[PDB]
Amino acid sequence: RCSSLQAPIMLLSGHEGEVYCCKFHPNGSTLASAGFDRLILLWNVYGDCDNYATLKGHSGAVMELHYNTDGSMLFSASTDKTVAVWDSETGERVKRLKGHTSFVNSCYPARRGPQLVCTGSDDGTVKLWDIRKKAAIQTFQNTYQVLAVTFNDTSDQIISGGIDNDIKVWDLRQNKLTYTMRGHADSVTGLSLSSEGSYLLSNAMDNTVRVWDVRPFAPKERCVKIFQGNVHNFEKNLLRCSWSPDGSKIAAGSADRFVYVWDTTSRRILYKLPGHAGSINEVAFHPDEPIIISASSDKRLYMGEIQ
Amino acid sequence: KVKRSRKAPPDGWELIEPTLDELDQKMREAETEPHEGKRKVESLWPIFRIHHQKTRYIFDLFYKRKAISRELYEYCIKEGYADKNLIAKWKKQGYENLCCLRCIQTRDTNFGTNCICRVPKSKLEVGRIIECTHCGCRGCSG
Amino acid sequence: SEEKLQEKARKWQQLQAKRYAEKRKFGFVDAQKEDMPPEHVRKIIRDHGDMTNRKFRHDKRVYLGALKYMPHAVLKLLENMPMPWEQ
Amino acid sequence: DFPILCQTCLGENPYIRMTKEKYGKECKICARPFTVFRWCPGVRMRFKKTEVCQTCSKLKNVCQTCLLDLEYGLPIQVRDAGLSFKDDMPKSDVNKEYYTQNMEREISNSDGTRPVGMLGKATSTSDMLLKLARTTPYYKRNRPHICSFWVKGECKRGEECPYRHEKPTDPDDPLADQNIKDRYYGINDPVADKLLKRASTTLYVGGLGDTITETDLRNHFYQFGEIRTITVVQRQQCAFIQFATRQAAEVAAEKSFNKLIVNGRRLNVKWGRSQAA
Amino acid sequence: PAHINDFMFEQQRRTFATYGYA
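About the cut-offs
- Residues numbered from 1 in each chain as written, not as in the entry; some residues may be left out.
- Chains lettered and ligands numbered in written order.
- Part of a larger assembly, values for the part shown.
- Heavy atoms only, no water.
- Residues with missing side-chain atoms left out of burial classes, pairs and counts.
- UniProt positions renumbered as here; feature names shortened; annotations may be inferred.
- Helix = DSSP H or I, 4+ residues; strand = E, 2+ residues; numbered from the N terminus.
- Rg over C-alpha atoms; globule rule 2.2 N^0.38 Å.
- Pairing = 2+ DSSP bridges.
- Axes fitted to C-alpha atoms, helices over the stretch in contact; angles between N-to-C directions.
- Contact = heavy atoms within 4.5 Å.
- Expected span 1.5 Å × (residues − 1).

- Per the PDB entry, chain C goes by the name Pre-mRNA-processing-splicing factor 8 and belongs to Homo sapiens.
- The deposited PDB record carries the title "Cryo-EM structure of a human spliceosome activated for step 2 of splicing (C* complex)".

- As annotated in the PDB entry, chain B carries the name Protein BUD31 homolog and is attributed to Homo sapiens.
- Among the UniProt annotations of chain B, the heading Function (literature references left out) holds the following wording: "Involved in the pre-mRNA splicing process. May play a role as regulator of AR transcriptional activity; may increase AR transcriptional activity."
- Quoted straight from UniProt, the Subunit (literature references left out) entry for chain B says "Identified in the spliceosome C complex. May interact with AR."

Put into structure tokens, the structure is as follows:
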């Protein structure tokens, strides 16, 4: 009906708790995943003889996980209320950053890589972090808890979203943010930005994917498209929306226990992938090969491939 | 602390001896009386209630009135006069007023933990509250 | 929606705080075994245990398990040896 | 691998905490060990349980706890006798019944719990059982558990303990709870009582409309007997069915009174005047 | 399977007779 056939897939076991997030390295060789077990998951993935290994040292469950553009380092946000800097290929991590009053909501690297990484904490903290200086960048507070915070492609802007029920645009290098762009509604299922930088795709807790095209330069404050048809979160959940720039695609999780694939520019979605025993927490898309990482509450990562 | 060990405790225990003697008399009187009133599991309530009364008396003497020396308090704790675990949970934020240690047991319950005697009356239903089968004890009026 | 922002901010603080209320990595420990009153369990159990009648009627099979386990009393009694060297 | 657990014994709460039991008591019918699941539908209501095994629940095709008739939510006995006739051998020698049940379930490769629903074509008894069933009869189906101690004033705990006061009823007629629990399939029961209580030349029929035509009424009423004529009035959305013999007019008359559903639309049919008016 | 923490809030809402489908 919707999905096309079945095709082979890879099931990744070993996660004690529900997987919080899933991501892949820029080279596509390894894929790391975070979960409630407070142990990062390194994976030899892109084809399977094996995954990679298990990473430890997190004092609490990792809320978010991401990899640096270089691939040798990665950042993670955990309930330990400390920014997690991890070196991986060296056998041990990077450094542990402190100063968060509450648990770290999300941590993502910027366009400068290890130089600065945008992060936020459920206390409502929106803060850039310098790393290689053995100290962060700067701290800021806007309204309320920011669910997701990520820097733009030019590293000069930082987009964030959370319980504040608004689209958060932040200017950074000016020691102040950018603008607050929101319609009339309150929902946050997550926040995301496209790779082109001309639009941002945020997840709405009403089960409504909101793609907004505004972009820098000429004033717009416009939108992109309204994606629907799949329920991302039933009541309250954190879903990481990762779009697939290959062709045109948008990947997201769902509370229906099915991976959510959405085509956008066609004014309709893509496909729904069943086979998950629980609600999908996060999904990823490999740039090199058409593979998608499936992280769900079932603690089993399902990586699909299109042939 | 009625055992045969060689102690010669400080005079504080000699001054607090009548209270422990009355508690032991009430414990023996409660343990020597069966129940014909068609109650099986409810017969163990006054034993745990009296034990919590003695533990609250020792903890109230050492940690509030300060009328007992640290050596006498350690001799009473190591002598079996009071429960060290119940007093440990009473000193921290775990329990300010504790009924019994069995109510906090997670594996003792079929599904879940935290016997309803530990739930506040705010969220809990006053009609179905009644009393705990295991613990019971603390609280009277409604 | 300022009132909904404050009320939704408190409900969200109790929400994310409720998710963080676990404070256990892959689960937590269990209840540690504590010593019960000796006269209560000893005197009450052994007092109502041997009476049988309708009090131990449900305890019947439990006593069949007691008698059904030999090594408990053997290894317990043989394992308890105050010895003449002390009192 | 849950039990039957129909919608009647589930309760109004969306979330329910159920505790399975690997080895419970033997089934009252199959007489074999099985799983015993316990749950409390109500807040202050007592916890439920299932005394029917997988073979006992599959043989009668009933809920593991309430043990109603099929999935229709009616009393077992009456609806079972209304299905065809009986088609059972509960009587005696469970050793001989263990071979028919073991070979039954072992030889049946098509079954399931709930990856399915409906998928039938009408029914003969769906109208009688549908008219004999109510909407969620969950009132006093779990908690009360009448106690004699509170009736005599000898109960010390009172309402604090279960079995709340003023629970019992007059020991005269069936107790509607434990009375059906005394036997299983044997008694006629309020199944049969409420079954008999549920059972109780021209014919006018209203509520036709544009969806119903004259050929449907002529073909439906023609099965009872020869029809003299038919008067189709579209302005009043009614039709008069005149038969030559009043026999089929009485059959289709009584059977056509608020029993008539044509193309999924109920029709109110009243007897013709025949008073020469 | 779902989360056990979410089932605790669902049971707490069930004891409060919360029928909200939102």
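**Remarks on the overall build of chain C**
Moving on, step 1. Secondary structure summary: chain C contains 4 helices and 0 strands in total.
Moving on, step 2. Each helix and strand of chain C, placed in order from N terminus to C terminus, yields the pattern α-α-α-α.
Moving on, step 3. In summary, chain C has a C-alpha radius of gyration of 26 Å against a globular reference of 12 Å for 87 residues, an excess of more than 25%.
Moving on, step 4. With respect to the three principal axes, the spread of C-alpha positions in chain C is 80 × 45 × 25 Å.

**Side note on the overall build of chain B**
Moving on, step 1. Per the secondary structure count, chain B includes 6 helices and 0 strands.
Moving on, step 2. Listing every helix and strand of chain B by position from the N terminus yields α-α-α-α-α-α.
Moving on, step 3. Counting only C-alpha atoms and orienting by the principal axes, one finds that chain B spans roughly 50 × 40 × 30 Å.

**A closer look at the pairing of strand 27 (residues 301-305) of chain A**
Residues and elements named next belong to chain A.
Moving on, step 1. Pairing of strand 1 (residues 9-12) with strand 27 involves 4 bridges; the strand directions are antiparallel. If you follow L12 over to strand 27, its bridge partner there is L301.
Moving on, step 2. Where strand 26 (residues 291-296) and strand 27 come together, 2 bridges link them in antiparallel fashion. By the bridge assignment, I292 is partnered in strand 27 with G304.

**Here we look at unusual backbone geometry**
All names here are of chain D.
Moving on, step 1. In the Ramachandran plot, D93 falls in the positive-phi region, its phi being about 60° despite a non-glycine side chain.
Moving on, step 2. Locating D93 in the fold gives a position in the loop between helix 2 (76-83) and helix 3 (94-107).
Moving on, step 3. The phi torsion at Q237 lies on the positive side, around 55°, for a residue other than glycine.
Moving on, step 4. Mapped onto the fold, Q237 is located in the loop between strand 4 (227-233) and strand 5 (238-243).

**A look at the sheet that holds strand 14 (residues 146-151) of chain A**
Residues and elements named next belong to chain A.
Moving on, step 1. Here we have 4 strands laid out as an open sheet, ordered 14-15-16-17, and antiparallel in their pairing. Each edge of the open sheet carries a strand with a single partner, namely strand 14 and strand 17 (179-181). Mean inter-strand twist for the sheet, computed between neighbouring axes without regard to direction, equals 20°.
Moving on, step 2. Of the pairings in the sheet, the one linking strand 16 (residues 167-171) to strand 17 comprises 3 bridges and is antiparallel in character. Within strand 17, the residue paired with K168 across the bridge is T180.

**What about the arrangement of the chains?**
Moving on, step 1. Ranking by contact count across 5 pairs of chains in contact places chains A and C at the top.
Moving on, step 2. Note that chain A does not reach chain D: the shortest distance linking a C-alpha of one to a C-alpha of the other is 14 Å.
Moving on, step 3. For chain B and chain E, which are not in contact, the least C-alpha distance works out to 9 Å.

**What to know about helix 1 (residues 4-15) of chain E**
Moving on, step 1. An ideal rise of 1.5 Å per residue puts 16 Å on 12 residues; helix 1 of chain E measures up with 17 Å between its terminal C-alpha atoms.
Moving on, step 2. In the stretch just after helix 1 of chain E, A17 of chain E is the one whose phi turns positive, near 60°.

**As for the sheet that holds strand 27 of chain A**
All names here are of chain A.
Moving on, step 1. Sheet architecture is open: 4 strands sit in the order 1-27-26-25, paired in antiparallel fashion. Only two strands of the sheet have a single neighbouring strand rather than two, namely strand 1 and strand 25 (280-285). Taken over all neighbouring pairs, the strand axes of this sheet differ in orientation by 15° on average, direction set aside.

**Some details on the pairing of strand 18 (residues 199-204) of chain A**
Residues and elements named next belong to chain A.
Moving on, step 1. Bridge count for strand 18 against strand 19 (residues 208-213) is 6 bridges, and the pairing is antiparallel. What sits directly across from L200, in strand 19, is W212.
Moving on, step 2. Hairpin connection from strand 18 to strand 19: 3 residues lie between these consecutive antiparallel strands, with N207 at a positive phi of about 65°.

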